[PDB]
Each structure stands twice: as structure tokens, then as C-alpha cells.
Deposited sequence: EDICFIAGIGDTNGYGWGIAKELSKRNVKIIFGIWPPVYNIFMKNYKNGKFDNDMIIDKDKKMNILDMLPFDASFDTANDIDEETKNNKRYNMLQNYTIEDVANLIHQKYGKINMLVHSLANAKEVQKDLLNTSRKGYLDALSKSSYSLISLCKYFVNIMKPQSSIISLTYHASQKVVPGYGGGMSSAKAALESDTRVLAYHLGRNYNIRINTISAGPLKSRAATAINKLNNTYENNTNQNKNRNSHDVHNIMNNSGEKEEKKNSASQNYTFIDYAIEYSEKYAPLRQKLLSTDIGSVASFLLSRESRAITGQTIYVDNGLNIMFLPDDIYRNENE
């Protein structure tokens, strides 16, 4: 029994889903951490069967989804939950969605797990460029997209079997300036890649757990489409399929099969690394055309 917690999903159009699918080929149970705001709306789509076709894992199998619970990366413990969300229309019919509350939840219901996934981000001012991003907008970006990874590791390590494995998703915007990826998402990802190394030493020396991050390429997910900058996301994909070393179309399951491998023991000697699953676009410099 392998339980993998995938924190960061909304539909079946993102990386978490592509991550979950590939893992199922290994028959790992899947628990989904969903942002409260789209939880029920997600749960609803689930109950009606909108994901049934999207769940038929290759190897003639259904995607064994252990559970799907509310989860919010910008809240550590139950007392960080302010009066606002306390009232916020949706949050009302939901509870125990703070990072530590889900850890306790999953650990009480199913116990120790051995694979953790951080597939979530958000930069409220992504549309403004760094130079025009506020302190609130930026720090919020880091809090949601960077620190969470740390917070998650702090509370979840406790319920993880020895030698578990953690992964996150990052963007090359962090190493080379890619115009239009603003509001702190560059700063954020830059830090998330650095903290990967630092956490890699702590988690590995003390608990002997590994942690790495995947630097994916363009993907038409709700977040990517929601960016808005014929859309930032549509421009990155066009460019990629045209200039990337590998001419084919990048699939979520592409990052999924890589995540699958990095979350296994077949990679026991790899940690604190940033693995590029971007068809090789990251190696290029000046485009031919």
C-alpha cells in the first residue's frame, strides 16, 4: 500500500492529475488536497462522472482515489485561520483544511504515507511585471507558492514512512528572465528551487527522506490560461513546440511519468535536484528563427 498525497488540483487539466495517472500504473493510492474554494465544485464534477473517462489509467485500471479533502497552503495551523475565511461564504461548510489539519486527517484515517507532491501555485499580481508588483502581492506569492512547500514538509514528514519522497513543480522563469511571468512567480520559483536543496539536506540527513522539484514546460491548465498576458500560455506552448529540441507536444503525464520515477526507490540516490521535463527547451539559447 503506497499512499501519495497530491496537494494542488482543481480539474484534470493540470500536472497533479497527470502526476496521479502515471502513479496509478504503480497502483499507488491517491489522496487529493483541493483548495477550499473549488473543493465542492470539484467534488461535484467528480460525482457526476466528468472525470470517469479521465480516470481510466492505461493498464486497464480505474484511478484508485483514496480520498479528496479540502486543503489550503496559505494556512499552517488551525489558529492562523482569520475572521475573514472564518466567514468567507465557502469555507463555512468546510473544516480541517490547514496544512497541519490535513496531515492529521490523512494520518488518522489512513496513517503513514510515503510520497508527497506539491503541485500548487498562485501569484495574485502575475499580470504586473516585477518592477510594478506590490509587497502584498509578492509576499503573498511567496507564501502561497514557496513557503507552503516548506510548511508542508514540516508537518507531513511526521506521518511519512522512512525514506519517503517529495517533489514540487517549478518554472525556468526562475533562472532566465521570461517576460510576462510576473507578480513574484519568478522570485517565488527561484526560492522554491533553492529551498529544495536546503530541505534536501535536512530531510535527508535527519529523516533520510528525499526531495526534488520538476521544472516543467508549458501546459494549458486553468492556472496557465488564467495568467493572461493570444495569452501568455498560448505563446509559450507555440514557441516550445517550434523550438524545443523534442518536437512533440508535452503532456501532463510526461511530467507524470517523471514524477512517478522520482517518487520511487528507483531514484534513491537523487535529491535536492531540479529536473527539467520541458522537452529540452531549457538547453537552447537563441532560436533558429
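Of the deposited sequence, positions 230 to 269, 330 to 336 lack any modelled C-alpha atom.
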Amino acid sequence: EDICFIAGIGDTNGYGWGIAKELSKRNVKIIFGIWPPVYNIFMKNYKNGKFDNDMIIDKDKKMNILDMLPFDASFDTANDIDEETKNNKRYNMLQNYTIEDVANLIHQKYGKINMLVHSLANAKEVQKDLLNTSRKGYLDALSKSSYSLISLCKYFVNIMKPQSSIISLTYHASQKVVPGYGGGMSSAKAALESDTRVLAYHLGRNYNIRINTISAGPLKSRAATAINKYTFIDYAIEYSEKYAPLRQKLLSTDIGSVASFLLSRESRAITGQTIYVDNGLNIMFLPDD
From here on, numbers count along this sequence of modelled residues.
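We call the rigid core whatever largest set of C-alpha positions still superposes within 1.5 Å between the two forms.
Choosing between 94 to 102 and 81 to 89, the greater Cα displacement from the shown form in 6 other deposited structures of this protein, fitted by the core, goes with 81 to 89. Across the other PDB entries of this protein whose models span the neighbouring residues, residue 58 goes unmodelled in a third or more. Coordinates for residue 42 are present in every one of the other compared entries of this protein that model residues on both sides of it, well short of the third needed to count it as often missing. According to the PDB record, 2 to 10 carries the higher mean C-alpha B-factor of the two stretches 2 to 10 and 278 to 286. In this entry, 49 to 57 shows the higher mean Cα temperature factor of the pair 64 to 72 and 49 to 57.
The PDB entry assigns its highest CA temperature factor, among 123, 152, 192, 160, to 160. In the PDB entry, the Cα temperature factor peaks, among 172, 210, 202, 86, at 86. In the deposited entry, the Cα temperature factor of residue 97 places it in the middle third of its chain's modelled residues. In the deposited entry, the Cα temperature factor of residue 240 sits in the middle third of values across the chain's modelled residues.
Looking at the C-alpha B-factors along this chain, the one for residue 226 belongs to the highest third. Among the modelled residues of the chain, residue 111 sits in the highest third by CA temperature factor in this PDB entry. Among the modelled residues of the chain, residue 143 sits in the middle third by CA temperature factor in this PDB entry.
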